[PDB]
Amino acid sequence: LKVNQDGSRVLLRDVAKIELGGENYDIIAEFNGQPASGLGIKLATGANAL
Amino acid sequence: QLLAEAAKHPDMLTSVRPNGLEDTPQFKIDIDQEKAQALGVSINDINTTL
């Protein structure tokens, strides 16, 4: 981030917690009570269901 | 591994080759972020002149 005139250096972790996390934290699914995810699929207009 | 295996079947597979290019030596440049900020040189200036 910057190098202090003192001689020290400031790194991104020195000011933040960096981790791999979801783009958003709005949706959370559960299948029969246990952690889950998945896809809700919409049928395209006119396309056959089966 | 698969190309070598297919080479053990000249009675079944012939002319089994990759349809692409082979890896080649590249010249990597490592810009030291510290010494750059320590000389008042912008990374943007560096990556543009280069």
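Residues numbered from 1 in each chain as written, not as in the entry; some residues may be left out. Chains lettered and ligands numbered in written order. Part of a larger assembly, values for the part shown. Heavy atoms only, no water. Residues with missing side-chain atoms left out of burial classes, pairs and counts.

Peer 1: Residue-level account of the overall build of chain B, with values.
Peer 2: Secondary structure assignment for chain B yields three helices and zero strands. A compact globule built from 50 residues would reach a C-alpha radius of gyration of about 10 Å, whereas chain B, at 23 Å, exceeds it by more than 25%. Summarising its shape, the C-alpha atoms of chain B cover approximately 65 × 20 × 10 Å along the three principal directions. (Helix = DSSP H or I, 4+ residues; strand = E, 2+ residues; numbered from the N terminus. Rg over C-alpha atoms; globule rule 2.2 N^0.38 Å.)

Peer 1: Could you give me a rundown of the overall build of chain A, with the residues and numbers involved?
Peer 2: Helix and strand counts for chain A stand at zero helices and four strands. Here chain A has a C-alpha radius of gyration of 23 Å; the compact-globule value for 50 residues is 10 Å, and the former is much larger. Its C-alpha atoms give chain A principal-axis dimensions of about 70 × 30 × 15 Å.

Peer 1: Run through the environment of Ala36(B), naming residues and quoting values.
Peer 2: Residues and elements named next belong to chain B. Within the secondary structure layout, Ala 36 lies in helix α2 (residues 33-37). Overall, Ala 36 belongs to the buried group, its relative accessible area being 8%. Along the backbone, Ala 36 and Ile 46 are ten residues apart, and their C-alpha atoms lie at a distance of 9.1 Å. In contact with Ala 36, not counting residues within four places along its chain, are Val 41, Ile 43 and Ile 46. (Buried < 20%, exposed > 50% of the residue type's maximum accessible area, 1.4 Å probe, protein only. Contact = heavy atoms within 4.5 Å.)

Peer 1: Can you explain unusual backbone geometry? Please cite residues and give values.
Peer 2: A positive phi angle, close to 55°, is found at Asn32(A), a residue other than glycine. Note that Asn32(A) resides in the loop between β3 (29-31) and β4 (34-36). Relative accessible area serves as the criterion here: at 72%, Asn32(A) is assigned to the exposed category. The phi torsion at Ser15(B) lies on the positive side, around 60°, for a residue other than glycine. Looking at the secondary structure, you find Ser15(B) in the loop between α1 (2-6) and α2.

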